[PDB]
Structures are given as C-alpha cells and as structure tokens.
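Enquirer: One structure follows; several queries about it will come next.
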Amino acid sequence: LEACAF
Amino acid sequence: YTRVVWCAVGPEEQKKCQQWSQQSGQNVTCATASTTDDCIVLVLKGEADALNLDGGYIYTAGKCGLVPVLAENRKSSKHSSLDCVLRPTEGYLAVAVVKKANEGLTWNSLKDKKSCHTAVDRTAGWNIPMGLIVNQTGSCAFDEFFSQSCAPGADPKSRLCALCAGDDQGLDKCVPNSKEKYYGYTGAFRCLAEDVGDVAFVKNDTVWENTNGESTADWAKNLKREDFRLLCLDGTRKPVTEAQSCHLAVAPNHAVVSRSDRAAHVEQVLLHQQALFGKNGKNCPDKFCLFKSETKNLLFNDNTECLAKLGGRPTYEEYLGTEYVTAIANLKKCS
Ligand SMILES: *[C@@H]1O[C@H](CO)[C@@H](O[C@@H]2O[C@H](CO)[C@@H](O)[C@H](O)[C@H]2NC(C)=O)[C@H](O)[C@H]1NC(C)=O
Ligand SMILES: *[C@@H]1O[C@H](CO)[C@@H](O[C@@H]2O[C@H](CO)[C@@H](O)[C@H](O)[C@H]2NC(C)=O)[C@H](O)[C@H]1NC(C)=O
Ligand SMILES: *[C@@H]1O[C@H](CO)[C@@H](O)[C@H](O)[C@H]1NC(C)=O
Ligand SMILES: NCCCCCC(=O)O
Ligand SMILES: [Fe+3]
Ligand SMILES: [Zn+2]
Ligand SMILES: [Zn+2]
C-alpha cells in the first residue's frame, strides 16, 4: 500500500 | 478530434512510431524516452498520451494514476466465434528456460548461476522469478543470488548487469530498451541461446517463436526447441511442449495505459488504427503493420492478433489481479 514512485 | 501522442521506448520503437504516425496521417504522433519509466512520466505530465506496457510496468503506472485501456490478445488455443476485440484475454505463461545440455540445472540449483531477464520490474523477467526466489530463500538479497545476470535497468556496474552487452558499439549496456542486445523477451532468450546465461526468465511463446525456423534472425535461425528445457517449481525439467504444467505463473497480458481523462479517446483511436494496420488490417501488409517489427516486439508484441476491449472497466489492480499485485508489493519491500 504505497504511492506513486515519481 | 485530437491527435494521440504515443510514447516509444528507445530509438527502434521511435522509428516504428514515426512510420505509424506518417501512415496514420498524424492521427498518432510520437514522443520518445529512454526507458519505460520515463515514458510513464511523460504520460503523467500530459506530454504523451499512452503506451503499451508489461504488467510490472502497469503496476508502476497504476500506482501513479494511469488506467488500462485495451489489452494485447494473441491467438487463442481454443476456437472462438467471438471477434478478437471481444474475445476474453488468456494470460501468458512465465517460464524459466535452460539448455537441455546443461544437465544438472533445476529450479533448486539456480543459486550462483548466470541469469538472463527481460528487464527489472517486468512480469516474467523479474517480478515472478525474483518474487519466488526472495520468498523461497527468505532473503531480500536477490541481487546476490545469481553470480552474474543481464537484468536491464539494474545498476550497470553491478553483477545484475554483468552479462548485458549494450548496442552494436557496446554503449548503453544494461539500458532497459531494445538497444541493449539482451533486452526484453527475445534479448533474454538470445542471452540463453548464446550461453551467456544458464537460465532465461521469459514466457512460453518466446521459446516457440524463436526456434525451429519461426525466426529467421541470425542468432535464432538455427535453434531447435529440443535443445531447451523448462524448469518446474517442483524441481523437475520438462520439454518446452509442457509449459501448461511447468510454468512459474500465469501473467496478465501486456496492455495500453493512459491518463484517465484521455482513455476513451485513446481507445477509439486505437480501435480504428488496428482496423487499418492490425492483423488482416485494411492497410497491412501493403502499407504498414502495427503488430510486426521483425521479431523485435516493438510497441506491441509481434504475436498480437489485436488490442481487445476490457471487461468491467477495470482498475489497474483488477486488471493485474489481486494476487499478482500483492506479489509485486511483497517483492518491492526489499528495495
Ligand atoms: C506456447 O507458445 C506457443 C507459441 O505462441 C503456442 O503455440 C502456438 O499455439 C497456437 C494456438 O494454439 C497455434 O495455432 C500456433 O501455431 C502455435 N505456435 C507455434 C510456433 O507452434 C503454445 O500453444 C503455447 N503453449 C501453451 C501451453 O500455452
Ligand atoms: C511471496 O510470499 C508472500 C508472503 O507469503 C506472498 O504474499 C501472499 O499472497 C497470498 C496469495 O495471493 C495472500 O493471501 C497473502 O495475503 C500474501 N501475504 C502477504 C504477507 O502479503 C506472495 O504471493 C509471494 N510471492 C510470489 C511471487 O509467489
Ligand atoms: C484520422 O482520424 C479521423 C477522425 O477520426 C478520420 O476521419 C480519418 O479517417 C483518420 N485517418 C487515419 C489514416 O487514421
Ligand atoms: N493475480 C492475478 C494475475 C493475473 C493472471 C493472468 C490472467 O489471469 O490473465
Ligand atoms: Fe511481460
Ligand atoms: Zn499454473
Ligand atoms: Zn471494477
């Protein structure tokens, strides 16, 4: 459950 | 209407995209970046509209808000009266391939061997095999499992790039685009064919499509399927005819992604563009074929029969499947 890599 | 701006990864894709753009009367135009993650960033900035992606890259794109639009559909194993565009996708089989002559090698003795991967972050080339290896070893140190590898996208000075060969001049070693000799399905299979590696992580179709005269390319033209074996998770080795009982996973097909507010227009444009340039398209083979690239799988895999509509307007996690998403997220904990 993470976010966008950029 | 608006033009659709495709994103090509590397200069070979850019050349094909420019041919498509000319043939499409600029209904499609081209932006180009060095890697698939850089194309994802162009689409997130709104400087490109769409590209077709392996499922591991759909995970990266989907975490950033991009959505699946249409999926690759290859020829089905079972007869179907449905038009390709409406026929349900069947995933592809991720496999581990070795040479038959490398007699001792099984899934359980891969440690310290030489590996060939399509690229870091792709499904059959990386997320499935490395996710299984991390789990079975109980260790995140997957960068130390094989003695040397070609895993495009990894640090070029590291053992994960030691087998990579770059371009005709030896520049761009390990870049995750088609300039790297050992990139992608066909590059990782060539890494195995040439005995640069002991094992290649590709899909079933790759082995068939580049053996027994199915490919005329110089490195493939002479390979025989019978010289290869699949590694099964129970530690047995099988002929490549047995992929349905000797695979590592079933992968979701590569698919086109875009920003959500351009998905409907990208979809409509692609359905028209394949009617013109697709398999049996109005203008293929006379003018241009969107799903050929002399085996090099540029923009789309060469075994694409069409881009198909998705069922259920799926989110990226519905398209990839919950189990695969959780496997990726588990592996990404190591990084
Ligand atoms: C492994 O991949 C190969 C290549 O895509 C599949 O073989 C093809 O199957 C199609 C559909 O049945 C045939 O009409 C093609 O002629 C076959 N191609 C070749 C080169 O032989 C094969 O079915 C796949 N194996 C599994 C278990 O999915
Ligand atoms: C690696 O192991 C992890 C941990 O067991 C696997 O994650 C589980 O997957 C199952 C089935 O999809 C789920 O019900 C569990 O919730 C997951 N567990 C955790 C802790 O997240 C993962 O599938 C394995 N990776 C591979 C590639 O097989
Ligand atoms: C360009 O797109 C327009 C609008 O949909 C259409 O009328 C025209 O046929 C298209 N031409 C090609 C070659 O894609
Ligand atoms: N976790 C589900 C992965 C997707 C499987 C591929 C498929 O069923 O088409
Ligand atoms: Fe893939
Ligand atoms: Zn299975
Ligand atoms: Zn849904």
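Quick note: numbers on chain B are straight from Swiss-Prot, i.e. 361-695, in order.
We read in the header that X-ray crystallography, 1.5 Å was used to get this structure.
Placement of Cβ uses the backbone N, Cα and C atoms for every residue, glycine included.
So Swiss-Prot lists the following for this protein:
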- B:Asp414, B:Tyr452, B:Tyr545, B:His614: Fe(3+) 2 binding site (BINDING)
- B:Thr478, B:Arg482, B:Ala484, B:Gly485: hydrogencarbonate 2 binding site (BINDING)
- B:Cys367-B:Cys399: disulfide bond (DISULFID)
- B:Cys377-B:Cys390: disulfide bond (DISULFID)
- B:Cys444-B:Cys666: disulfide bond (DISULFID)
- B:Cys476-B:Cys551: disulfide bond (DISULFID)
- B:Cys500-B:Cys694: disulfide bond (DISULFID)
- B:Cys510-B:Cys524: disulfide bond (DISULFID)
- B:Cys521-B:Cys534: disulfide bond (DISULFID)
- B:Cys592-B:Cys606: disulfide bond (DISULFID)
- B:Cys644-B:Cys649: disulfide bond (DISULFID)
- B:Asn387: N-linked glycosylation site (CARBOHYD)
- B:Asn387: N-linked glycosylation site (CARBOHYD)
- B:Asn387: N-linked glycosylation site (CARBOHYD)
- B:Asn495: N-linked glycosylation site (CARBOHYD)
- B:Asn495: N-linked glycosylation site (CARBOHYD)
- B:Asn495: N-linked glycosylation site (CARBOHYD)
- B:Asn564: N-linked glycosylation site (CARBOHYD)
Enquirer: Taking the center of the Cβ atoms of B:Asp414, B:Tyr452, B:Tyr545, B:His614 at the recorded Fe(3+) 2 site, which other residues in this chain have a Cβ no more than 8 Å from that point?
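Expert: The answer, listed by sequence position, is B:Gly415, B:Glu432, B:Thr478, B:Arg482, B:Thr483, B:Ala484, B:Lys563, B:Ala611, B:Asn613, B:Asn661.
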Enquirer: May I ask which of the recorded positions B:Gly485, B:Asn495, B:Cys500, B:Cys534 have a CB within less than 6 Å of any atom of ligand 2, listed in sequence order?
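Expert: What lies within reach of ligand 2, judged by Cβ under 6 Å, is B:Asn495.
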Enquirer: Which one is it, among the recorded positions B:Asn387, B:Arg482, B:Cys510, B:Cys644, B:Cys694, that lies nearest to B:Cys606 (disulfide bond) by Cα separation?
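Expert: Closest recorded candidate to B:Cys606 (disulfide bond) by Cα: B:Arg482.
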Enquirer: According to DSSP, does B:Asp414 (Fe(3+) 2 binding site) sit in a helix, a strand, or coil?
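Expert: Note: B:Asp414 (Fe(3+) 2 binding site) is coil by DSSP, not helix or strand.
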Enquirer: Distance between B:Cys444 (disulfide bond) and B:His614 (Fe(3+) 2 binding site) at the Cα atoms, whole Å?
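Expert: Cα to Cα, B:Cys444 (disulfide bond) and B:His614 (Fe(3+) 2 binding site) are separated by 15 Å.
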Enquirer: For B:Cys592 (disulfide bond), what is the tally of other C-beta atoms lying within 10 angstroms of its C-beta?
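Expert: I get 19 for this one.
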Enquirer: Around ligand 5, within a Cβ distance of under 6 Å, which of the recorded positions B:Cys390, B:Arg482, B:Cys510, B:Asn564, B:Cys606, B:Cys666 show up?
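Expert: Only B:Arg482 meet the Cβ criterion.
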Enquirer: List the residues of the same chain that sit at least 6 positions away from B:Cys399 (disulfide bond) in sequence and have their Cβ under 8 Å from its Cβ, in sequence order, or write 'none'.
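Expert: B:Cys367, B:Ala368, B:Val369, B:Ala391, B:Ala393, B:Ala408, B:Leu411 - these are the non-local Cβ neighbours of B:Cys399 (disulfide bond), listed in sequence order.
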Enquirer: Taking the binding-site residues one at a time (B:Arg482, B:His614), which has its Cβ surrounded by the most other Cβ atoms within 10 Å?
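Expert: It comes out as B:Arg482.
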Enquirer: Near ligand 1, meaning Cβ under 6 Å from any of its atoms: which of the disulfide-bonded residues B:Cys399, B:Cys534, B:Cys694 fit that description?
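Expert: If the test is a Cβ under 6 Å from any atom of ligand 1, the answer is none.
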Enquirer: List the recorded positions B:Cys367, B:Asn387, B:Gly485 whose Cβ sits under 6 Å from any atom of ligand 3, in sequence order.
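Expert: Passing the 6 Å Cβ check against ligand 3: B:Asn387.
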Enquirer: Just name the most isolated of the recorded positions B:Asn387, B:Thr478, B:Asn495, B:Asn564, going by other Cβ atoms within 10 Å of its Cβ.
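Expert: Counting other Cβ atoms within 10 Å of each of the recorded positions B:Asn387, B:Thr478, B:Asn495, B:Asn564 gives the minimum at B:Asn495.
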Enquirer: Rounded to an integer, what is the Cα-Cα distance in Å between B:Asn564 (N-linked glycosylation site) and B:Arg482 (hydrogencarbonate 2 binding site)?
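Expert: Their Cα atoms are separated by 15 Å.
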Enquirer: Within 8 Å of the centroid of the Cβ atoms of B:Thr478, B:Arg482, B:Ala484, B:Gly485, which other residues of that chain place their own Cβ, given that this set defines the recorded hydrogencarbonate 2 site?
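Expert: Close Cβ neighbours, site residues excluded: B:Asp414, B:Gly416, B:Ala454, B:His477, B:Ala479, B:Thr483, B:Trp486, B:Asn487, B:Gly544, B:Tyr545, B:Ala548, B:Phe561, B:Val562, B:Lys563.
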